[PDB]
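# Summary of the model geometry
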Amino acid sequence: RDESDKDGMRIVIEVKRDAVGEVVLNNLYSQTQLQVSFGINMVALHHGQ
DNA sequence: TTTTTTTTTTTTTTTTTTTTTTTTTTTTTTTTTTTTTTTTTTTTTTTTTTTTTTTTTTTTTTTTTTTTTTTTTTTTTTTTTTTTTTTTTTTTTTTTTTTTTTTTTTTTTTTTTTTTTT
């Protein structure tokens, strides 16, 4: 669920009793978009080229 | 300090219902085949004076079988009633006009990541 109320940004992800929790967070980083790779490419017009 | 009662969401998987992929039948649609209309010219058909020997109508009289005729009893005709179809008032619904309130989609271009197939 979400619990954002203009005092931050809260997304609660409840963990089951039979689960480590840290392993779930590592899986979420690996699979989900919580970790994203920003591909830097510094191209700009210098002297109009 | 140990032990006892109750509460719910999950191990759930199966029954019921819903949703989503399917393909028989009457209504469209493109094709070929047969009805219509306008020109050329063409031997061919067809319109109109003259003569002619014909063959059917009008003097007159005759009869007979269709035109006179009266009457019995049928039976088509007309009357009432009711059903079926046609046709027109009535109602309903939908569309367009011009200023208002709201929205919703398809593609380029590069680079990086997921997400399936081999």
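Reading the values: rules and limits
- Residues numbered from 1 in each chain as written, not as in the entry; some residues may be left out.
- Chains lettered and ligands numbered in written order.
- Part of a larger assembly, values for the part shown.
- Heavy atoms only, no water.
- Patch = residues over 30% accessible without salt bridge, like charges linked within 9 Å, V, L, I, M, F, W, Y side chains within 5 Å.
- Areas by Shrake-Rupley, 256 points an atom, 1.4 Å probe, with all protein chains shown as cover.
- Salt bridge = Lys/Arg side-chain N within 4 Å of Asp/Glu carboxyl O.
- Helix = DSSP H or I, 4+ residues; strand = E, 2+ residues; numbered from the N terminus.
- Buried < 20%, exposed > 50% of the residue type's maximum accessible area, 1.4 Å probe, protein only.

Header annotation of the entry names cryo-EM as the structure determination method and lists the resolution as 3.0 Å.

Glancing now at a nonpolar patch on the surface. Together, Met9, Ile11 and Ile13 give the surface a local cluster of nonpolar side chains, amounting to about 350 Å² of exposed area. Looking at where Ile13 falls in the secondary structure, it is placed in the segment before helix 1 (22-31).

A word on the environment of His46. Take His46: it is sitting in the segment after helix 1. Given a relative accessible area of 58%, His46 falls into the exposed group. When the C-alpha positions of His46 and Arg10 are compared, they lie 43 Å apart, and in sequence the two are 36 residues distant.

We now examine the environment of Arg17. Secondary-structure assignment places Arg17 in the segment before helix 1. Expressed as a C-alpha distance, the spacing of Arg17 and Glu3, which sit 14 residues apart in the sequence, is 22 Å.

Moving on, we get to the pattern of salt bridges. Applying the stated criterion across every chain yields a total of 2 salt bridges. The salt bridge partner of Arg1 is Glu14, with a shortest N-O separation of 2.7 Å. Note that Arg1 is positioned in the segment before helix 1 and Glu14 in the segment before helix 1, a separation of 13 residues in sequence. Here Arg10 and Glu3 are joined by a salt bridge, their closest N and O atoms 3.4 Å apart.

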